[PDB]
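Colleague: Per the authors' numbering, residue 1 is the first one in the sequence shown, and the count goes up by one each step. Input: one structure, supplied below.
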Amino acid sequence: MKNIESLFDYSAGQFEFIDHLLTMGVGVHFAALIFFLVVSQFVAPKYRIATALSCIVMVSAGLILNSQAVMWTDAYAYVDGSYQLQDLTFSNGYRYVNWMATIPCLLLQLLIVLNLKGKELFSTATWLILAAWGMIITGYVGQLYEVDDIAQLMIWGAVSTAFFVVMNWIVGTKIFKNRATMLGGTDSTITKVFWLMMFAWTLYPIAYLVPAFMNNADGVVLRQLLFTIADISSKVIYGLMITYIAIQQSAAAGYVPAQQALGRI
Ligand SMILES: *C/C=C(C)/C=C/C=C(C)/C=C/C1=C(C)CCCC1(C)C
Ligand SMILES: CCCCCCCCCC
Ligand SMILES: CCCCCCCCCC
Ligand SMILES: CCCCCCCCCC
Ligand SMILES: CCCCCC
Ligand SMILES: CCCCCC
Ligand SMILES: CCCCCC
Ligand SMILES: CCCCCC
Ligand SMILES: [Br-]
Ligand SMILES: [Br-]
Ligand SMILES: [Br-]
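Laid out in structure tokens, this is it:
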């Protein structure tokens, strides 16, 4: 049960573009990691964990993007005018394993800026993480068959989509029922984060389906391109909005370092 990446030889332009996409993603996440670390001091204690979760996400994704980059250059060699598969192996499956950690972190930092606490926070986080883990795990099993069994990729993806929809319903319901509690005008900002999340996370099932409608070397490139757009949107851009909401609410709650931080800009 191979992946479609192992099926093709690659032109130098295709190979280097994919490598440059992954290495670019590493640099963006580690550059954002520094930003999230420095602005941590400008967030009130109640919200500071949300910015720390951005730091964990940046290193988690950055390590897996660097991992994918070197595996790409390990597994292929330029022979007779094209990059051909060598002794080693490349696989998008390590992305799925990493999602088991990064997705709960992304969801947790949203619940924190929604001002959920105590029993409701733990309760809502447990249902969301369980739904997300069911989405990822059924998706992982599905892509094992992206070459061998296209019908199984479809059926496991339908199961995965059911968890995805239920997960989004919980997220959206909590957002619209707790919007009134949010400070500094961030009741307007949080609805924008929900829509950004809808857009960015939907890119992943689209990349999952690439083997069904573009099973060639250019579809390998398009999938990595979609992953890159989705990774930056769902982690970096999303994290900046979460951090903005965290600081804005900190300032409205009387945190002086937050108020000063916004004043200078
Ligand atoms: C930073 C990485 C993120 C936010 C990854 C998100 C992943 C998903 C939303 C996964 C979606 C899937 C389905 C809805 C159906 C097909 C299989 C998956 C696992 C790709
Ligand atoms: C600003 C510190 C970010 C530097 C990123 C390092 C890129 C490593 C590419 C292998
Ligand atoms: C207030 C407790 C949060 C529960 C929201 C809905 C959970 C989904 C059960 C599937
Ligand atoms: C289709 C997944 C979208 C779920 C959003 C529902 C939010 C409305 C709650 C009032
Ligand atoms: C060996 C492929 C990577 C999957 C990790 C469980
Ligand atoms: C997998 C089909 C679910 C769609 C529900 C809106
Ligand atoms: C035009 C690109 C918008 C980026 C905002 C973060
Ligand atoms: C310096 C706080 C602003 C964060 C959002 C870009
Ligand atoms: Br506080
Ligand atoms: Br990730
Ligand atoms: Br409602």
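Note that CB positions come from ideal geometry on N, CA and C, so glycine has one too.
Below 8 angstroms on the Cβ atoms is my guess for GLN14 versus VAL221; work out the distance and round it to an integer in Å.
Modeller: 6 angstroms
Colleague: Per DSSP, what kind of secondary structure is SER123 in: helix, strand or coil?
Modeller: helix
Colleague: Cβ atoms of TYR255 and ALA44: under 9 angstroms apart, would you say?
Modeller: In this structure, the beta-carbon distance from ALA44 to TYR255 falls below 9 angstroms.
Colleague: Within 8 angstroms, do at least three Cβ pairs link the stretch 19-32 to the stretch 84-104?
Modeller: No, the stretch 84-104 does not touch the stretch 19-32.
Colleague: Does the beta-carbon of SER67, which I'm using as the reference point, lie nearer than 8 angstroms to any heavy atom of ligand 5?
Modeller: no
Colleague: Go to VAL221, then tell me how far its alpha helix (DSSP H) extends in each direction, as first and last residue.
Modeller: 217-231
Colleague: Which of the three DSSP states is assigned to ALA77 in this structure?
Modeller: Of the three classes helix, strand and coil, the one that applies to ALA77 here is strand, per DSSP.
Colleague: Considering just the uninterrupted stretch of the beta strand (DSSP E) at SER82, what are its terminal residues?
Modeller: 82-85
Colleague: Is it the case that the Cβ atoms of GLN109 and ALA50 are separated by a distance below 9 angstroms?
Modeller: Contact flag set, yes.
Colleague: For the alpha helix (DSSP H) containing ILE175, name the first residue and the last one.
Modeller: 150-178
Colleague: According to DSSP, simplified to helix, strand and coil, what is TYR145?
Modeller: coil
Colleague: Determine the direct distance from the alpha carbon of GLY239 to that of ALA31, and round the result to whole angstroms.
Modeller: 13 angstroms
Colleague: Residues around ligand 11, please: the ones whose beta-carbon is closer than 6 angstroms to some heavy atom of it, in chain order.
Modeller: The answer, residue by residue, is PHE176 and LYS177.
Colleague: From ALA261 to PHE176, what distance separates their C-alpha atoms?
Modeller: 29 angstroms
Colleague: When you compare only the Cα positions, how much space is there between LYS192 and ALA125?
Modeller: 21 angstroms
Colleague: Below 8 angstroms, is the gap between the Cβ of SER123 and the nearest heavy atom of ligand 5?
Modeller: no
Colleague: Check whether the stretch 167-183 and the stretch 115-124 are in contact - that is, three or more C-beta pairs closer than 8 angstroms.
Modeller: yes
Colleague: Can you give me the C-alpha to C-alpha distance between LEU107 and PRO205, rounded to a whole angstrom?
Modeller: When the Cα atoms are used, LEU107 and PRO205 turn out to be separated by approximately 18 angstroms.
Colleague: Is DSSP giving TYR94 helix, strand or coil here?
Modeller: helix
Colleague: Determine, using beta carbons only, whether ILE170 and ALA131 come nearer to each other than 9 angstroms.
Modeller: yes
Colleague: Mind checking who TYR10 pairs with in its DSSP beta bridge?
Modeller: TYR83
Colleague: Please list, in chain order, all residues of the same chain as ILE64 whose beta carbon is under 7 angstroms from its beta carbon, the five residues on each side excluded.
Modeller: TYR94, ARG95 and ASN98
Colleague: Between the stretch 239-249 and the stretch 209-218, do three or more beta carbon pairs fall short of 8 angstroms?
Modeller: no
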